[PDB]
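Source file: model-v4.cif. Holds: mmCIF, C-alpha atoms.
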data_upload
#
loop_
_atom_site.label_atom_id
_atom_site.label_comp_id
_atom_site.auth_asym_id
_atom_site.auth_seq_id
_atom_site.Cartn_x
_atom_site.Cartn_y
_atom_site.Cartn_z
CA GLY H 1 -218.49 -117.17 -7.47
CA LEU H 2 -217.43 -114.25 -9.62
CA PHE H 3 -219.03 -111.67 -7.33
CA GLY H 4 -218.54 -113.33 -3.93
CA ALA H 5 -222.13 -113.34 -2.66
CA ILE H 6 -223.56 -116.74 -3.65
CA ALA H 7 -221.59 -119.58 -2.02
CA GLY H 8 -219.50 -116.72 -0.65
CA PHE H 9 -220.20 -114.38 2.25
CA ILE H 10 -223.82 -115.54 2.00
CA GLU H 11 -223.06 -119.21 2.50
CA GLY H 12 -226.32 -120.95 1.56
CA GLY H 13 -229.77 -120.62 0.06
CA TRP H 14 -233.16 -120.50 1.76
CA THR H 15 -235.64 -123.30 1.19
CA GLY H 16 -237.98 -121.33 3.47
CA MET H 17 -238.21 -118.47 0.96
CA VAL H 18 -240.34 -119.98 -1.81
CA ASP H 19 -241.91 -116.98 -3.61
CA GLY H 20 -238.78 -115.46 -5.15
CA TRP H 21 -235.19 -115.87 -6.21
CA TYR H 22 -233.68 -113.11 -4.05
CA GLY H 23 -235.23 -111.78 -0.86
CA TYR H 24 -235.10 -111.04 2.83
CA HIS H 25 -235.41 -112.63 6.22
CA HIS H 26 -236.54 -110.22 8.93
CA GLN H 27 -237.10 -110.42 12.68
CA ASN H 28 -238.57 -107.69 14.87
CA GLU H 29 -240.89 -107.45 17.87
CA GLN H 30 -243.85 -108.24 15.59
CA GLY H 31 -242.39 -111.59 14.47
CA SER H 32 -240.19 -113.04 11.74
CA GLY H 33 -240.41 -114.61 8.32
CA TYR H 34 -239.13 -114.80 4.77
CA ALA H 35 -240.01 -112.35 2.01
CA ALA H 36 -238.80 -111.96 -1.57
CA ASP H 37 -237.65 -108.70 -3.16
CA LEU H 38 -240.12 -108.64 -6.04
CA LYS H 39 -238.36 -106.00 -8.13
CA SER H 40 -234.99 -107.76 -8.27
CA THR H 41 -236.62 -111.16 -8.82
CA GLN H 42 -238.90 -110.01 -11.64
CA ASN H 43 -236.03 -108.14 -13.31
CA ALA H 44 -233.89 -111.29 -13.18
CA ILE H 45 -236.76 -113.49 -14.39
CA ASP H 46 -237.38 -111.10 -17.28
CA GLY H 47 -233.65 -111.11 -18.05
CA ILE H 48 -233.25 -114.89 -18.03
CA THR H 49 -236.47 -115.37 -20.01
CA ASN H 50 -235.12 -113.01 -22.67
CA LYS H 51 -231.82 -114.94 -22.64
CA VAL H 52 -233.51 -118.31 -23.21
CA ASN H 53 -235.78 -116.94 -25.95
CA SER H 54 -232.79 -115.27 -27.60
CA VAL H 55 -230.92 -118.59 -27.71
CA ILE H 56 -233.98 -120.41 -29.11
CA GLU H 57 -235.71 -117.90 -31.40
CA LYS H 58 -232.60 -116.69 -33.24
CA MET H 59 -232.54 -120.15 -34.87
CA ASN H 60 -235.05 -119.75 -37.72
CA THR H 61 -234.80 -122.51 -40.32
CA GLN H 62 -236.61 -123.03 -43.61
CA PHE H 63 -238.12 -126.13 -45.18
CA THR H 64 -235.35 -128.49 -46.21
CA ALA H 65 -234.76 -132.16 -47.05
CA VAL H 66 -231.31 -133.26 -45.96
CA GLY H 67 -231.31 -136.58 -47.77
CA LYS H 68 -229.63 -137.20 -51.12
CA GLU H 69 -229.44 -140.34 -53.28
CA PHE H 70 -226.51 -141.33 -55.49
CA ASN H 71 -225.88 -144.40 -57.63
CA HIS H 72 -222.83 -146.67 -57.51
CA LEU H 73 -220.94 -144.52 -60.04
CA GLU H 74 -221.52 -141.35 -57.98
CA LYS H 75 -219.31 -142.11 -54.98
CA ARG H 76 -217.37 -138.83 -55.12
CA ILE H 77 -220.45 -136.59 -54.92
CA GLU H 78 -221.88 -138.94 -52.31
CA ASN H 79 -218.77 -138.34 -50.20
CA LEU H 80 -219.00 -134.61 -50.94
CA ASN H 81 -222.57 -134.71 -49.61
CA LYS H 82 -221.33 -136.59 -46.54
CA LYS H 83 -218.63 -133.98 -45.93
CA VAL H 84 -221.27 -131.23 -46.00
CA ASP H 85 -223.53 -133.06 -43.54
CA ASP H 86 -220.56 -133.95 -41.33
CA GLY H 87 -219.07 -130.46 -41.39
CA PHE H 88 -222.39 -128.91 -40.40
CA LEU H 89 -222.72 -131.55 -37.68
CA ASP H 90 -219.27 -130.73 -36.28
CA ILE H 91 -219.87 -126.97 -36.40
CA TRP H 92 -223.28 -127.11 -34.72
CA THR H 93 -222.27 -129.67 -32.08
CA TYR H 94 -219.15 -127.79 -30.97
CA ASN H 95 -220.91 -124.41 -31.01
CA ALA H 96 -223.93 -125.75 -29.13
CA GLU H 97 -221.76 -127.41 -26.48
CA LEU H 98 -219.65 -124.30 -25.83
CA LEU H 99 -222.62 -121.93 -25.94
CA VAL H 100 -224.32 -123.83 -23.11
CA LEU H 101 -221.07 -124.11 -21.15
CA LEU H 102 -220.21 -120.42 -21.44
CA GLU H 103 -223.71 -119.04 -20.94
CA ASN H 104 -224.41 -121.28 -17.96
CA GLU H 105 -221.37 -119.73 -16.28
CA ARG H 106 -222.66 -116.26 -17.17
CA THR H 107 -226.09 -117.10 -15.74
CA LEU H 108 -224.73 -118.16 -12.34
CA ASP H 109 -222.53 -115.05 -12.22
CA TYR H 110 -225.65 -113.03 -13.06
CA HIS H 111 -227.44 -114.39 -9.99
CA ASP H 112 -224.30 -113.77 -7.93
CA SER H 113 -224.21 -110.16 -9.14
CA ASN H 114 -227.90 -109.62 -8.38
CA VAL H 115 -227.46 -110.81 -4.80
CA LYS H 116 -224.38 -108.63 -4.21
CA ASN H 117 -226.16 -105.53 -5.54
CA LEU H 118 -229.15 -106.30 -3.30
CA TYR H 119 -226.92 -106.62 -0.24
CA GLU H 120 -225.01 -103.46 -1.16
CA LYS H 121 -228.22 -101.49 -1.74
CA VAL H 122 -229.29 -102.21 1.84
CA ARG H 123 -225.83 -101.61 3.33
CA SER H 124 -225.59 -98.22 1.61
CA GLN H 125 -229.05 -97.40 2.98
CA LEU H 126 -228.52 -98.33 6.64
CA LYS H 127 -224.89 -97.07 6.92
CA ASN H 128 -223.98 -96.99 10.66
CA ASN H 129 -227.59 -97.38 11.89
CA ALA H 130 -227.00 -101.15 11.67
CA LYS H 131 -224.09 -103.56 12.12
CA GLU H 132 -222.83 -105.95 9.41
CA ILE H 133 -222.83 -109.25 11.32
CA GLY H 134 -221.97 -111.47 8.35
CA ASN H 135 -223.86 -113.97 6.19
CA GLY H 136 -225.76 -111.10 4.58
CA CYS H 137 -227.44 -110.05 7.84
CA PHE H 138 -227.88 -106.59 9.35
CA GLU H 139 -228.45 -106.08 13.08
CA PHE H 140 -230.09 -102.72 13.77
CA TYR H 141 -228.99 -100.20 16.38
CA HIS H 142 -232.59 -98.93 16.52
CA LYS H 143 -235.94 -100.72 16.59
CA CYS H 144 -237.18 -101.32 13.04
CA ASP H 145 -240.86 -102.27 12.93
CA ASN H 146 -242.68 -103.81 9.96
CA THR H 147 -243.18 -100.38 8.38
CA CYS H 148 -239.48 -99.60 8.79
CA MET H 149 -238.58 -103.03 7.38
CA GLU H 150 -240.69 -102.41 4.27
CA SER H 151 -239.00 -99.03 3.78
CA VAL H 152 -235.62 -100.78 3.60
CA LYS H 153 -236.98 -103.28 1.06
CA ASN H 154 -238.68 -100.44 -0.87
CA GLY H 155 -235.44 -98.42 -0.97
CA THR H 156 -236.97 -95.60 1.10
CA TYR H 157 -235.23 -96.06 4.46
CA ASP H 158 -235.09 -92.76 6.36
CA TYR H 159 -231.56 -92.73 7.79
CA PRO H 160 -231.84 -89.31 9.55
CA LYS H 161 -235.12 -90.37 11.20
CA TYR H 162 -233.31 -92.99 13.31
CA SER H 163 -229.71 -91.73 13.21
CA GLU H 164 -229.73 -90.13 16.66
CA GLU H 165 -231.25 -93.13 18.45
CA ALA H 166 -228.89 -95.52 16.65
CA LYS H 167 -225.90 -93.30 17.46
CA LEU H 168 -226.75 -93.30 21.17
CA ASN H 169 -227.32 -97.06 21.20
CA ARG H 170 -224.19 -97.73 19.14
CA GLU H 171 -221.96 -95.73 21.48
CA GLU H 172 -223.55 -97.40 24.52
CA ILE H 173 -223.07 -100.84 22.94
CA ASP H 174 -219.45 -100.13 22.00
CA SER H 175 -218.64 -98.60 25.43
CA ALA B 1 -207.48 -134.40 -92.61
CA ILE B 2 -204.05 -132.78 -92.45
CA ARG B 3 -203.49 -130.78 -89.24
CA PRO B 4 -200.51 -128.48 -88.58
CA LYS B 5 -197.53 -130.57 -87.53
CA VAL B 6 -197.14 -131.04 -83.77
CA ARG B 7 -194.19 -133.27 -82.84
CA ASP B 8 -193.95 -134.08 -86.56
CA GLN B 9 -197.50 -135.50 -86.62
CA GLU B 10 -200.15 -134.25 -89.05
CA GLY B 11 -202.67 -136.69 -87.58
CA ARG B 12 -204.21 -136.56 -84.12
CA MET B 13 -205.12 -139.06 -81.41
CA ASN B 14 -207.89 -138.54 -78.85
CA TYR B 15 -207.67 -140.18 -75.44
CA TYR B 16 -210.64 -141.50 -73.46
CA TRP B 17 -211.21 -143.05 -70.06
CA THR B 18 -214.00 -144.70 -68.09
CA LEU B 19 -214.44 -146.36 -64.70
CA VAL B 20 -215.84 -149.90 -64.86
CA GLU B 21 -217.78 -150.85 -61.74
CA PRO B 22 -217.29 -154.30 -60.18
CA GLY B 23 -219.10 -157.08 -61.99
CA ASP B 24 -219.64 -155.00 -65.15
CA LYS B 25 -218.39 -155.66 -68.68
CA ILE B 26 -216.67 -153.22 -71.04
CA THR B 27 -216.82 -154.07 -74.76
CA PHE B 28 -214.51 -152.78 -77.52
CA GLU B 29 -215.47 -153.05 -81.20
CA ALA B 30 -213.59 -151.62 -84.18
CA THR B 31 -212.80 -151.94 -87.86
CA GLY B 32 -209.81 -149.64 -87.33
CA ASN B 33 -208.35 -146.62 -85.60
CA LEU B 34 -208.59 -148.11 -82.08
CA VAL B 35 -205.68 -147.71 -79.67
CA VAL B 36 -206.61 -150.59 -77.39
CA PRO B 37 -205.98 -150.81 -73.65
CA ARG B 38 -203.17 -153.05 -72.52
CA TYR B 39 -202.84 -152.15 -68.82
CA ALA B 40 -205.85 -151.11 -66.75
CA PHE B 41 -205.93 -149.94 -63.12
CA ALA B 42 -207.89 -151.46 -60.25
CA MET B 43 -208.37 -148.67 -57.74
CA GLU B 44 -210.45 -147.39 -54.85
CA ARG B 45 -211.04 -143.64 -54.73
CA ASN B 46 -210.73 -141.64 -51.52
CA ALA B 47 -212.44 -138.46 -50.50
CA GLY B 48 -210.78 -136.16 -53.00
CA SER B 49 -207.42 -134.61 -52.24
CA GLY B 50 -205.83 -132.16 -54.68
CA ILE B 51 -202.78 -131.66 -56.89
CA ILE B 52 -199.76 -129.52 -56.03
CA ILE B 53 -197.63 -128.13 -58.85
CA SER B 54 -194.35 -127.15 -57.21
CA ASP B 55 -190.58 -127.60 -57.27
#
Transcribe the structure of this file into structure tokens.
Amino acid sequence: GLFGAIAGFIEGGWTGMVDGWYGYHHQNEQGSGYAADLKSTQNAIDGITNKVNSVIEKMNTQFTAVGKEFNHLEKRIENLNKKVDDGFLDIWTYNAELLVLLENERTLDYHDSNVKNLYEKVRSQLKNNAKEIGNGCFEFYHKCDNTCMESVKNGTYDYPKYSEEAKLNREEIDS
Amino acid sequence: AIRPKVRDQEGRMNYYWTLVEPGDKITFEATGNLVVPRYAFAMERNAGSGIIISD
């Protein structure tokens, strides 16, 4: 992947998470489960929807009858007509094929970028209060209940609130 | 009528062509002044190329 998250340091996808494209798995004393980050998912769904509509709706054609009829003494203009139909066929086929090829690659990179930014948003929030244990997972140095978990997902994690407890537990763990 | 001499000719001659489709007949009729065909050309046209005037 272009950004390294999908099929990268996050190795696989979650069939268990069904309500969103990008989300979270959590586990605390209150239990575990999957949840989807609604903001990032809806932003990506809006973006891709706009992309598909842009590809479709920018093609606005008028009423037209492609066919033409020529008699046996009009072979040259008949071939001229064929060249026009063929040239348009070649232009549209090649352009359509490459547009799908190139934009499909951009779409997968887009998802890869969205995952990386989501991981980095959390990592920049938790800082040293949690450990980066790989596969997109953070292991906390302080207890993080459901309310604390939602604050991380909401982008409102209070680092100073838990920094002292995490610091003491981190030093004890490392010692 | 007498035209200005071009290549020492005061008369003029107009040249005509037509393409006869397979199975068709072309008829010539004259009481004079007809420069008849002697050699005709069986041909099959392509998608048109062009003409280059160059040395």
Taking only C-alpha atoms into account, produce a table as CSV in which each residue of chain B with an atom at most 12 Å from an atom of chain H appears once, together with its shortest atom pair and the distance in Å to one decimal, ordered by chain and rising number.
residue,atom,partner,partner_atom,distance
B:18,CA,H:73,CA,10.6
B:19,CA,H:73,CA,8.2
B:20,CA,H:73,CA,8.8
B:21,CA,H:73,CA,7.3
B:22,CA,H:72,CA,9.8
B:23,CA,H:72,CA,11.9
B:24,CA,H:73,CA,11.7
B:44,CA,H:75,CA,10.3
B:45,CA,H:76,CA,8.0
B:46,CA,H:76,CA,8.1
B:47,CA,H:79,CA,6.3
B:48,CA,H:76,CA,7.4
B:49,CA,H:76,CA,11.2
Would you compute the distance between atom CA of residue 18 of chain H and atom CA of residue 41 of chain H? Give it in Å to one decimal. 11.9 Å
On this structure, which residues satisfy the PyMOL selection byres ((chain H and resi 126-139) around 10), written as an NGL selection string? :H and (5 or 8-12 or 24-27 or 115-116 or 118-125 or 140-144 or 152 or 157-160 or 162-167 or 169-170)
Emit as JSON the padded axis-aligned box for all listed atoms of segment 4-17 of chain B, 6 Å per side, with centre and edge lengths in Å to one decimal.
{"center_x": -202.6, "center_y": -135.8, "center_z": -79.6, "size_x": 29.3, "size_y": 26.6, "size_z": 31.0}
Evaluate the PyMOL selection byres ((chain H and resi 109) around 10) on the structure here and hand back the selected residues as a PyMOL selection string. chain H and resi 1-6+103-108+110-115
In Å, with one decimal, what is the gap from atom CA of residue 69 of chain H to atom CA of residue 25 of chain B? 24.4 Å
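Taking atom CA of residue 30 of chain H as the reference point, atom CA of residue 172 of chain H is found at 24.7 Å.
Closest to residue 14 of chain H among H:65, H:35, H:92, H:81 is H:35, based on all atoms listed in the file.
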Can you tell me, as an MDAnalysis selection string, what residues are no more than 12 Å from segment 5-13 of chain B when counting all atoms listed in the file, ignoring any on the same chain fewer than 5 positions away? chainID B and resid 33:35
Just the residues within 12 Å of residue 36 of chain B, please, counting only C-alpha atoms, with nothing from its chain fewer than 4 positions along; format it as a PyMOL selection string. chain B and resi 15-17+27-30+32+40
Take the residues that were just selected and, keeping C-alpha atoms, output them as a tab-separated table (two decimals), in the coordinates of the input.
chain	number	residue	atom	x	y	z
B	15	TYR	CA	-207.67	-140.18	-75.44
B	16	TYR	CA	-210.64	-141.50	-73.46
B	17	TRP	CA	-211.21	-143.05	-70.06
B	27	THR	CA	-216.82	-154.07	-74.76
B	28	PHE	CA	-214.51	-152.78	-77.52
B	29	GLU	CA	-215.47	-153.05	-81.20
B	30	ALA	CA	-213.59	-151.62	-84.18
B	32	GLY	CA	-209.81	-149.64	-87.33
B	40	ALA	CA	-205.85	-151.11	-66.75
Assuming the chain letters and numbering stay as they are in my file, what does the PyMOL selection byres ((chain H and resi 20) around 12) actually select? List them as a ChimeraX atom specification. /H:13-19,21-24,34-45
Can you give me N, CA and C atoms for segment 97-122 of chain H, written as a CSV table (one decimal), in the frame of the given file?
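Listed below is the output, rebuild.csv:
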chain,number,residue,atom,x,y,z
H,97,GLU,N,-222.3,-127.0,-27.7
H,97,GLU,CA,-221.8,-127.4,-26.5
H,97,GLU,C,-221.1,-126.2,-25.7
H,98,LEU,N,-220.3,-125.4,-26.5
H,98,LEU,CA,-219.6,-124.3,-25.8
H,98,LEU,C,-220.6,-123.2,-25.5
H,99,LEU,N,-221.6,-123.0,-26.3
H,99,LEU,CA,-222.6,-121.9,-25.9
H,99,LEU,C,-223.3,-122.2,-24.6
H,100,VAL,N,-223.7,-123.5,-24.4
H,100,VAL,CA,-224.3,-123.8,-23.1
H,100,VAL,C,-223.3,-123.7,-22.0
H,101,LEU,N,-222.1,-124.2,-22.2
H,101,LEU,CA,-221.1,-124.1,-21.2
H,101,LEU,C,-220.8,-122.7,-20.8
H,102,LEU,N,-220.6,-121.8,-21.7
H,102,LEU,CA,-220.2,-120.4,-21.4
H,102,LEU,C,-221.4,-119.6,-20.9
H,103,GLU,N,-222.6,-119.8,-21.4
H,103,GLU,CA,-223.7,-119.0,-20.9
H,103,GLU,C,-224.2,-119.5,-19.6
H,104,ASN,N,-224.1,-120.8,-19.3
H,104,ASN,CA,-224.4,-121.3,-18.0
H,104,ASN,C,-223.5,-120.6,-16.9
H,105,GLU,N,-222.2,-120.4,-17.2
H,105,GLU,CA,-221.4,-119.7,-16.3
H,105,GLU,C,-221.8,-118.3,-16.1
H,106,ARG,N,-222.2,-117.6,-17.2
H,106,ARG,CA,-222.7,-116.3,-17.2
H,106,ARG,C,-223.9,-116.2,-16.4
H,107,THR,N,-224.8,-117.1,-16.5
H,107,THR,CA,-226.1,-117.1,-15.7
H,107,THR,C,-225.9,-117.2,-14.2
H,108,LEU,N,-225.0,-118.1,-13.8
H,108,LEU,CA,-224.7,-118.2,-12.3
H,108,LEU,C,-224.0,-116.9,-11.8
H,109,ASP,N,-223.1,-116.3,-12.6
H,109,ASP,CA,-222.5,-115.0,-12.2
H,109,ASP,C,-223.6,-114.0,-12.2
H,110,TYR,N,-224.6,-114.0,-13.1
H,110,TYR,CA,-225.6,-113.0,-13.1
H,110,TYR,C,-226.4,-113.1,-11.7
H,111,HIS,N,-226.8,-114.3,-11.3
H,111,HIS,CA,-227.4,-114.4,-10.0
H,111,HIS,C,-226.5,-113.9,-8.9
H,112,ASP,N,-225.3,-114.2,-8.9
H,112,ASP,CA,-224.3,-113.8,-7.9
H,112,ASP,C,-224.2,-112.2,-7.9
H,113,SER,N,-224.2,-111.6,-9.1
H,113,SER,CA,-224.2,-110.2,-9.1
H,113,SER,C,-225.5,-109.6,-8.6
H,114,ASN,N,-226.6,-110.2,-8.9
H,114,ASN,CA,-227.9,-109.6,-8.4
H,114,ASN,C,-228.0,-109.7,-6.9
H,115,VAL,N,-227.4,-110.7,-6.3
H,115,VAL,CA,-227.5,-110.8,-4.8
H,115,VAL,C,-226.5,-109.8,-4.2
H,116,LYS,N,-225.3,-109.6,-4.7
H,116,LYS,CA,-224.4,-108.6,-4.2
H,116,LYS,C,-225.0,-107.2,-4.3
H,117,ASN,N,-225.6,-106.9,-5.4
H,117,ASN,CA,-226.2,-105.5,-5.5
H,117,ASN,C,-227.3,-105.3,-4.5
H,118,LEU,N,-228.1,-106.4,-4.3
H,118,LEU,CA,-229.2,-106.3,-3.3
H,118,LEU,C,-228.6,-106.1,-1.9
H,119,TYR,N,-227.6,-106.8,-1.5
H,119,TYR,CA,-226.9,-106.6,-0.2
H,119,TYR,C,-226.3,-105.2,-0.1
H,120,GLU,N,-225.6,-104.8,-1.2
H,120,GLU,CA,-225.0,-103.5,-1.2
H,120,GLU,C,-226.0,-102.3,-1.1
H,121,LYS,N,-227.2,-102.5,-1.8
H,121,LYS,CA,-228.2,-101.5,-1.7
H,121,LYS,C,-228.7,-101.3,-0.3
H,122,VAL,N,-228.9,-102.3,0.5
H,122,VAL,CA,-229.3,-102.2,1.8
H,122,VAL,C,-228.2,-101.6,2.7
